[PDB]
Amino acid sequence: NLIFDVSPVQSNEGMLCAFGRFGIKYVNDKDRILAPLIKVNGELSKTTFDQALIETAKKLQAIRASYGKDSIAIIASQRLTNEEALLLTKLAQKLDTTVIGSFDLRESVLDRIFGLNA
Amino acid sequence: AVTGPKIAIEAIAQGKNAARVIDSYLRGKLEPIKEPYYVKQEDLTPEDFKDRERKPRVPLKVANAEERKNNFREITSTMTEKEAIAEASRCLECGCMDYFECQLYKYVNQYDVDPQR
Ligand code: SF4
């Protein structure tokens with residue numbers, strides 16, 4: 001369950017940079033969290049996945065109830081796969097919010113000129 | 001659907017009785033539910049138990065109101081095995097010890113008795 005090395009493929013210049021070659025070290029990091037945390041007595045404590053997910057759903061639903069539409073922001077990392085991003089959009093749709101974005105997301109200008117930001 | 005809003009154990013009782021009647025009907029011998037006759041003691045008053053040692057009930061653990069009003073977590077906790085055994089040991093064993101083999105009970109339930117006269 002440990003990563004020991006990384007090799008570039010022999011495709012085009014067969015090159016990786018410092019990130020792609022050496023930043024995979026976070027996979028073996030001992031500081032990775034493996035269990036969820038919920039706030040009991042005002043401090044984060046370990047719990048089970050079912051309890052944490054139920055707590056998350058109830059917290060988001062309570063916010064939506066007491067504050068209405070577009071009251072929850074879903075800020076997602078751009079390293080997630082396409083399926084996870086699409087599922088997050090569907091979750092925003094079910095949570096009754098259009099505020100889904102990223103803090104790393106640059107302002108778009110190509111969709112105003114050519115049609116697609118691509 | 002039949003009795004209107006009640007508690008859940010009433011619905012479970014209705015479902016079990018209906019299952020019994022349906023099982024009888026599926027055999028072509030539809031039988032209504034018959035209530036057995038039990039001998040009871042309605043004359044018992046507290047001084048009949050004045051010699052028993054008094055023991056406290058198992059305390060019920062309740063989550064703090066301030067923290068619990070903000071979440072949907074369970075309010076009460078399940079008791080421990082020690083507390084369970086100590087609480088079960090408080091029972092006075094009111095039922096007859098021969099209930100499952102008493103021939104008098106069996107016979108008075110085989111014949112429709114009206115013993116109050
Ligand atoms: S048999 Fe035990 S539980 Fe039942 S009424 Fe008597 S003391 Fe209570």
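In each ligand, atom 1 is the first atom listed, and ligand 1 is the first ligand listed. By convention in this document, chain letters (A, B, ...) are assigned in the order of the sequence lines, proteins followed by strands, and residues within each chain are numbered from 1. All heavy atoms count here, side chains included; hydrogens, waters and symmetry mates do not.
Contact annotation for atom 2 (Fe) of ligand 1: protein present (non-hydrogen atoms, distance under 4.0 Å).
Using modelled atom types, one finds no donor on one side chain facing an acceptor on the other under 3.5 Å when comparing B/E47 with B/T45.
Taking a cut-off of 2.8 Å, the protein N, O or S atoms nearer than that to atom 2 (Fe) of ligand 1 are B/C91 SG.
A salt bridge does not link A/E55 to A/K39: none of the charged nitrogens lies less than 4.0 Å from a carboxylate oxygen. Here A/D5 pairs with A/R21 in a salt bridge; the nearest charged N to carboxylate O distance falls below 4.0 Å.
Using cut-offs of 30° and 60° on the angle between ring planes, the pair B/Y105 and B/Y38 is parallel.
Criterion: ILVMFWY side-chain heavy atoms under 4.5 Å apart, direct or through other members. Under it, A/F103 and A/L88 are not part of a common hydrophobic cluster.
Among residues two or more places apart in sequence or in another chain, the side-chain hydrogen bond (donor to acceptor under 3.5 Å, both in side chains) test is passed with B/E74 by none.
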